[PDB]
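Numbers and lists here come from the model and the stated rules, or from a named source; no laboratory instrument gave them. Cβ: placed from backbone, ideal geometry, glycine included. Neighbour counts: every protein chain shown.
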Amino acid sequence: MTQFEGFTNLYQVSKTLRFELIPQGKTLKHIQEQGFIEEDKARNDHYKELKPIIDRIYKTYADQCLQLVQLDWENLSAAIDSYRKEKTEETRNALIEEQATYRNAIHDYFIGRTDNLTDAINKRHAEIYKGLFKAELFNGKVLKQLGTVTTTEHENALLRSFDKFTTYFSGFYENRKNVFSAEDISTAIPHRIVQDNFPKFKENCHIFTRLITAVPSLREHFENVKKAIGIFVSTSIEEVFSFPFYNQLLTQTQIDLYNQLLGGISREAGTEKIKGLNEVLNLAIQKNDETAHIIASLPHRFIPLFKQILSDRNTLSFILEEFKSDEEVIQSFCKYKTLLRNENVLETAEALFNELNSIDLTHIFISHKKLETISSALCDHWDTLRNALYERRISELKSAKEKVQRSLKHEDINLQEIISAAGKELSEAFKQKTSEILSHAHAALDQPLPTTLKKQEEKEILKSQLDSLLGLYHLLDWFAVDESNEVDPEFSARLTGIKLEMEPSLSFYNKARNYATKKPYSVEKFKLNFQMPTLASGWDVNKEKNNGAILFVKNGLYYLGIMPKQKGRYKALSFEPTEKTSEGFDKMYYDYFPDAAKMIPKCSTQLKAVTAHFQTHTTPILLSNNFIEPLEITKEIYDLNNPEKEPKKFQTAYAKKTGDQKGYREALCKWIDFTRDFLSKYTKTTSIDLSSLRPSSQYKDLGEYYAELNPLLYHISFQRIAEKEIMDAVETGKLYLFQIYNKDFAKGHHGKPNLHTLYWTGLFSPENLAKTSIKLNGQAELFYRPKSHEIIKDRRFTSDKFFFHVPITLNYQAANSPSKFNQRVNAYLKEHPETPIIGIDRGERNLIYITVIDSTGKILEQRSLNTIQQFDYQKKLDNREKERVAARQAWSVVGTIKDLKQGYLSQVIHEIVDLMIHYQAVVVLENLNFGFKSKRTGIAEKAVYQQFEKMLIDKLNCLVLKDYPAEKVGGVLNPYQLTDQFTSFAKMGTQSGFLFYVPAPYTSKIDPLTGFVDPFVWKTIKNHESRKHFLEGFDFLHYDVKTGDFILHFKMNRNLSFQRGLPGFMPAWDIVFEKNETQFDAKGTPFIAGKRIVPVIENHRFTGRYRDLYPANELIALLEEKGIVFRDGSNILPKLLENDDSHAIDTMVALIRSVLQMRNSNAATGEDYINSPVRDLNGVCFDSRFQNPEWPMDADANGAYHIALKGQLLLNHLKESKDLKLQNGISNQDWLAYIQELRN
RNA sequence: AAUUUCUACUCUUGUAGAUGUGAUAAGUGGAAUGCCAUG
DNA sequence: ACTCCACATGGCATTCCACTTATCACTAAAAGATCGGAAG
DNA sequence: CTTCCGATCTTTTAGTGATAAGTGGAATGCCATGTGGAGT
Ligand SMILES: [Mg+2]
Ligand SMILES: [Mg+2]
């Protein structure tokens, strides 16, 4: 009988606690006068300068390695094709093996162990790779093998400024070893080549060959654009899109050339662009030819490749010049404005714009491409000018319409024909517009310039002037000056003169926009090192004089002590432990042996002495260094750890590959005995009570043995020190004493502590000291942030503050990773039938909506989480989102919205977790594609689709409730672990512990009472005869004489060509045009039943705004206008389709589409209800405006309710699942059939 | 209207909830401006 | 107190911003470089 | 006047089994369409 309290101590999690350090006593004088802060600031600055200098070596080596790659890519393409054909486990394993094989084949060039290279080149690559992650980068032991980097004297000084400090780059070495490795890291060069870029290139090749097979002219078009751009002159376009061409496109230059082939080289702005592959395909589609209809079915976009991991991008496009400071942009703009003033732009522009009143307008022309701008700016709509032109061309006349459209689409038009088509109103609006634009330009030129671009007003005035100048340039670009059509000579010459004068303003606008929108400078913290190469990397007492980090405890206040280097040497400061009743500090005594898996072979088998001993003779060697008794290394022990092959004989890989269970068991037992002897004999571990360990032959696998052994090697004890010694040490300057501090260590605190304060207090509590459940970690780091009753706004930023980031580890007694975590949760849900569901719907109108259901589908609690603790967070997020949108267009400080969303979700996660604990339920979420949620966050960044799964999963991974006692599960020492260990979103399955993912579709627009959905898809009824065929497919519809509602019948075996392909459980439906009378809810508000909300499509091409519709009222109005009698209750459908008028059939289809729309939304009045087009067997049509608590209230509440029921389906199928596994997704047919069978 | 830091506050020199840091790399999405086209 | 109206989209290019996603470390001790004093 | 070497400070190192990712596509929906401005 498993229990809900059993979900604890399953896996380790690592957390970082952050505290402010208060300098205690005279330590601030000693840390300031020795210049540690300034030296560490200079060290950080030199590191930031030196990082790209070092990166040049890695980029050069990666280039020189990747130009030598010569592989055959047919096997990987075949593997991907076979995986895409059928998604099964065996083909997935084959694809994983092939990807690993190619990732190793790429990695062999970096190592220098490939057959297809010479021995000298391989030796050079091996000797380059050997010193690539060491101090050989600094002292030139590997730089002279390359030579191409060509470091100058300042770069050499920067490189040698880190003398005896190379281990500062240790984390950089770990970061850069991920790149040159083939261990399936996403941030690796071979993984990027094999798994990221190659599927994109294969899809591009398949797209190209399909496109060429469909139409032959696109081959000539692609050859012409490839010749015109100027890339790959030796390879044809049939050879570029081929598998052997992927031996290139590995270095960044070839990738950028391929991307410029796809996208197109761009010249300077104001000059015609050379099109790309995607651009010319979009141009061919937009022509609306028959070939466009051919292409539209095909997938018509080539996918560009990704950047290489280190090499920077370069392009053939016009990289436009940038300014460097506010002084330069103001001085350059003042010079440009002065130049425009003495050249006298404005009087000759006004002469041009008043010359139209006394000139023959037949010798002037308007550019064809910009007539839409004039139409939008001058008249009520963009279509008015071209509609007038079309009517005028008709008035002076099948094929003639095409001739008129072809004349209007590409040939310039004179202004006299414009003035004949439109009349006096366009003339007066035109001169008014030029007068307004010239007035704006004159006002901009007379207005002085601000000095600096610091505050918003000084940037807004600059934008106001420069946009007016751009508007005058746009107005001046209206006229056509080219010789292809007739034009007055002197006017054209002077017009191109003033346009040539005005040309650089458009580039000036872009330069000022690129400068003015930069992020403002803000002071940031930097890592302190106290002139120590390895400061605070470990708390151990053996390393306490080299690391310097020692913790203390003083009557509940926690202190940190740093002993600096004295005259450049490590003075081993020692403390004498005294009697416990003496007043003073309690020193923390750390005892650790970091990991048995890495430290048993290092201190036993991988010594230089042992390896040198075993390459001449097989006699066992006795080791005496750091051993109380001489330990013996035998021959078979050394060959167990060095088997001259990748799998070792005592590990699970050998047993899986070979199957020799007996040999694996013998090797494992020998290794356990050897580790026991080693831990018995080593001085560091000779006092460890190893009697609690199991015998050697009982362990199933070595990882279990290490997971059991590791908690025994960690220990903390506290020793008393006299206060006089510590005070003398901190006064003399031999010790820097800081107090670990936050809000909860203040004088007057009353309430419950912070969660991290609970972690810190529970780490050093006596019960955790007796048995370690929370582990204090190394690699602590110190940061210094400078300067950026008496209650003061932003008091914390008024002075410099020392920070202290310290990692901790929770659930230390557990394993590193859980052992089949989902099996335990599935077993617990299998043995517990009555388990609720806390299903969640995410959106933007309602940010989070939840519904809690029981096992029988009833509603326990439904509630919108737009407001928590009397704060409507959705309105605040909407205001912030609108402020950011309006601020990024006025060149303001955009700011951050992540903080407010995190604040809102901190409340939401607490409410959801509180319901989880109080109901002992599961949480079902909707499985949304990353593209969809990124698109919806792009449209409105108020939304919380992302940043909600991550916080919920990370909270449930280590859930500590503040109220609960520490010894009880759920306390600070026994956290709840209700989710699987979070590694990455890609590797997450459909179930993560108690959190469930169900498919998204058919959860909102579904009737909760009977499970009806709209069966049609409205894209297939675009034409009138299809509307006739859709109309004759229905059985009947007639007016009920006693209830006043039209009852339309449906049989599901009809209109299969218009259905979306989901036959429901029911064979028939009763679609009802309900009587539009007044109904009252529980609160007494009136509403009209059957009301629908539909956007207006009166223009037949655009989506207008919403309007209220009444299907019964408009239906009876249509039928009374037609005069068709219906009071006898007879079927009207054959009486209706007997006429050939398109208006009646069109409004019939419109009414049917409107009545079948379940979701009715109107953001202006705040209405999100659902009305049901069909009738329940109880004789009540559903309407959520009744607001009965047994049924959902809004549409998002309905969405949450059907997320809950979709997870109810999974839990219902779990009870009959003998394999303790869930379904492999839920098909929409299965879900609809299940819900419609449950309702009926 | 105080906070390691974020969010909502002020019976309380503080309250309630949350908070994995550092480093590196990549991608996505907005906005402005150009070019070719579409309604 | 009513009613009309606000140009929109597709493919690329440049710059700027914000935000997300995916790896590594959470480390004592063995090995190697350096140096001040002893010995020749 | 020159050479060695034991102390001491940086620097590099050692490396387990999680076994996962369970598939089901063939297309849908998953959510919403600027909401706010003006004259008369
Ligand atoms: Mg939903
Ligand atoms: Mg929803």
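Which one is farthest from ligand 2 (Cβ to nearest atom) among residues in region A:158-171 that are loosely packed, with under 15 Cβ neighbours inside 10 Å and in a helix (DSSP H, G or I)?
In this case the residue turns out to be A:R160.
Scan region A:615-626 and tell me whether some residue there is over 24 Å from A:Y705 (Cβ atoms), of a type in the set (A, V, I, L, M, F, W, C), in the same structural domain as A:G778 (by TED's automatic domain parsing) and within 14 Å of DNA strand C (Cβ to nearest atom).
no
What are the residues in region A:811-855 that are polar (S, T, N, Q), under 15 Å from A:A921 (Cα atoms) and away from ligand 1 (no atom under 12 Å from the Cβ), if any? Before you say what the answer is, go through the steps one by one.
Kept after step one, since they are polar (S, T, N, Q), are these residues of region A:811-855: A:811, A:813, A:816-817, A:819, A:822-823, A:826, A:835, A:846, A:851, A:855.
Adding the requirement that they be under 15 Å from A:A921 (Cα atoms) leaves A:826, A:835, A:851, A:855.
The answer is A:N826, A:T835, A:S855.
Please work out which residue is surrounded by the fewest Cβ atoms within 10 Å (Cβ to Cβ), limiting yourself to region A:908-945 and to residues that are under 22 Å from the mean Cα position of the chain (by Cα) and closer than 20 Å to A:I868 by Cβ.
Of the residues in region A:908-945, the ones under 22 Å from the mean Cα position of the chain (by Cα) are A:908-909, A:924-945.
Now narrow it down to the ones that are closer than 20 Å to A:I868 by Cβ: A:908-909, A:925, A:942-945.
Working: A:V908: 22, A:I909: 17, A:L925: 22, A:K942: 22, A:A943: 21, A:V944: 24, A:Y945: 19.
Applying the filter and picking the extreme gives A:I909.
Right, A:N224: surrounded by 13 or more Cβ atoms within 10 Å (Cβ to Cβ) and in the same structural domain as A:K273 (by TED's automatic domain parsing) or not?
On the way: surrounded by 13 or more Cβ atoms within 10 Å (Cβ to Cβ): no; in the same structural domain as A:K273 (by TED's automatic domain parsing): yes.
For A:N224, the condition - surrounded by 13 or more Cβ atoms within 10 Å (Cβ to Cβ) and in the same structural domain as A:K273 (by TED's automatic domain parsing) - is not met.
Pull up region A:837-867, narrow it to residues that are hydrophobic (A, V, I, L, M, F, W, C) and within 16 Å of DNA strand C (Cβ to nearest atom), then point me to the one that is nearest to A:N1198 (Cα to Cα). Give the derivation first.
Keep residues of region A:837-867 that are hydrophobic (A, V, I, L, M, F, W, C), which gives A:837-838, A:840, A:847-848, A:850, A:852-853, A:859-860, A:865.
Subset that is within 16 Å of DNA strand C (Cβ to nearest atom): A:847-848.
On the way: A:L847: 14, A:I848: 12 Å.
For region A:837-867, the residue satisfying everything is A:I848.
Restricting attention to region A:1019-1037, does a residue exist that is surrounded by fewer than 16 Cβ atoms within 10 Å (Cβ to Cβ), more than 16 Å from ligand 1 (Cβ to nearest atom), assigned by TED's automatic domain parsing to the domain that holds A:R1153 and at positive phi?
Among the residues of region A:1019-1037, not one is surrounded by fewer than 16 Cβ atoms within 10 Å (Cβ to Cβ), more than 16 Å from ligand 1 (Cβ to nearest atom), assigned by TED's automatic domain parsing to the domain that holds A:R1153 and at positive phi, which makes the answer no.
What number goes with the only condition from (1) touching a strand residue (DSSP E or B) at 6+ places or on another chain (Cβ under 6 Å); (2) closer than 30 Å to A:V885 by Cβ; (3) more than 16 Å from ligand 1 (Cβ to nearest atom) that A:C958 does not pass?
That leaves (2) as the condition not met.
Go through region A:999-1052 and give me each residue that's in contact with a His (Cβ under 8 Å, 6 or more places away or on another chain), assigned to a loop (DSSP other than H, G, I, E, B) and more than 16 Å from ligand 2 (Cβ to nearest atom).
Applying the first criterion (in contact with a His (Cβ under 8 Å, 6 or more places away or on another chain)) to region A:999-1052 yields A:1002-1004, A:1006, A:1008, A:1034-1037, A:1046-1047.
Narrowing the set further to residues that are assigned to a loop (DSSP other than H, G, I, E, B) leaves A:1002-1004, A:1006, A:1008, A:1034-1036.
Of everything in region A:999-1052, those that are in contact with a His (Cβ under 8 Å, 6 or more places away or on another chain), assigned to a loop (DSSP other than H, G, I, E, B) and more than 16 Å from ligand 2 (Cβ to nearest atom) turn out to be A:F1034, A:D1035, A:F1036.
Please go through region A:390-448 and give me each residue that is over 48 Å from the mean Cα position of the chain (by Cα), of a type in the set (V, I, T), part of a helix (DSSP H, G or I) and surrounded by 14 or more Cβ atoms within 10 Å (Cβ to Cβ), ordered by number.
Answer for region A:390-448, where residues must be over 48 Å from the mean Cα position of the chain (by Cα), of a type in the set (V, I, T), part of a helix (DSSP H, G or I) and surrounded by 14 or more Cβ atoms within 10 Å (Cβ to Cβ): A:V404, A:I418, A:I419.
From A:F593, A:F575, grab the single residue that is closer than 30 Å to A:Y812 by Cβ and in contact with a strand residue (DSSP E or B) (Cβ under 6 Å, 6 or more places away or on another chain). Give the steps one after another, and end with the answer.
Details: A:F593 fails: in contact with a strand residue (DSSP E or B) (Cβ under 6 Å, 6 or more places away or on another chain).
Exactly one residue qualifies, and that residue is A:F575.
Among the residues that make up region A:844-859, is at least one of them under 19 Å from A:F996 (Cα atoms), near RNA strand B (Cβ under 10 Å from one of its atoms) and surrounded by fewer than 14 Cβ atoms within 10 Å (Cβ to Cβ)?
No.
Within region A:354-364, is there a residue that is within 16 Å of DNA strand D (Cβ to nearest atom) and in the same structural domain as A:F479 (by TED's automatic domain parsing)? Spell out how you get there, then give the answer.
Residues of region A:354-364 that are within 16 Å of DNA strand D (Cβ to nearest atom), as a first pass: none.
For region A:354-364, residues within 16 Å of DNA strand D (Cβ to nearest atom) and in the same structural domain as A:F479 (by TED's automatic domain parsing): absent.
Which ones in region A:578-591 are out of contact with any helix residue (DSSP H, G or I) (no Cβ under 7 Å at 6 or more places or on another chain) and surrounded by 14 or more Cβ atoms within 10 Å (Cβ to Cβ)?
Kept after step one, since they are out of contact with any helix residue (DSSP H, G or I) (no Cβ under 7 Å at 6 or more places or on another chain), are these residues of region A:578-591: A:578-582, A:586-591.
Passing the criteria: A:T578, A:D586, A:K587, A:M588, A:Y589, A:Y590, A:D591.
If the requirement is being part of a helix (DSSP H, G or I) and not assigned by TED's automatic domain parsing to the domain that holds A:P786, which of these qualifies: A:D72, A:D63? Let's see the steps before the verdict.
Numbers: A:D72 fails: part of a helix (DSSP H, G or I).
Of the residues listed, the single one that is part of a helix (DSSP H, G or I) and not assigned by TED's automatic domain parsing to the domain that holds A:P786 is A:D63.
Write out, first by first residue and then by second, each pair whose Cβ atoms fall under 9 Å of each other, whose residues are 6+ apart or on separate chains, and whose first residue, in region A:303-322, is at positive phi while the second is outside any loop (DSSP other than H, G, I, E, B) and among the aromatic types (F, W, Y).
none
Can you go through A:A1195, A:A1204 and tell me which one is more than 27 Å from A:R824 (Cα to Cα) and within 14 Å of DNA strand D (Cβ to nearest atom)? Write out each step before concluding.
Details: A:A1204 fails: more than 27 Å from A:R824 (Cα to Cα).
A:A1195 is the lone residue from the list that is more than 27 Å from A:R824 (Cα to Cα) and within 14 Å of DNA strand D (Cβ to nearest atom).
Can you pull out the residues in region A:1126-1144 that are surrounded by fewer than 12 Cβ atoms within 10 Å (Cβ to Cβ) and of a type in the set (K, R)?
Of everything in region A:1126-1144, just one residue is surrounded by fewer than 12 Cβ atoms within 10 Å (Cβ to Cβ) and of a type in the set (K, R), namely A:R1127.
Looking at A:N122 and the list (1) buried (at least 16 other Cβ atoms within 10 Å of the Cβ); (2) within 16 Å of RNA strand B (Cβ to nearest atom); (3) polar (S, T, N, Q), which single condition is not satisfied?
With respect to (1) buried (at least 16 other Cβ atoms within 10 Å of the Cβ); (2) within 16 Å of RNA strand B (Cβ to nearest atom); (3) polar (S, T, N, Q), A:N122 is out only on (2).
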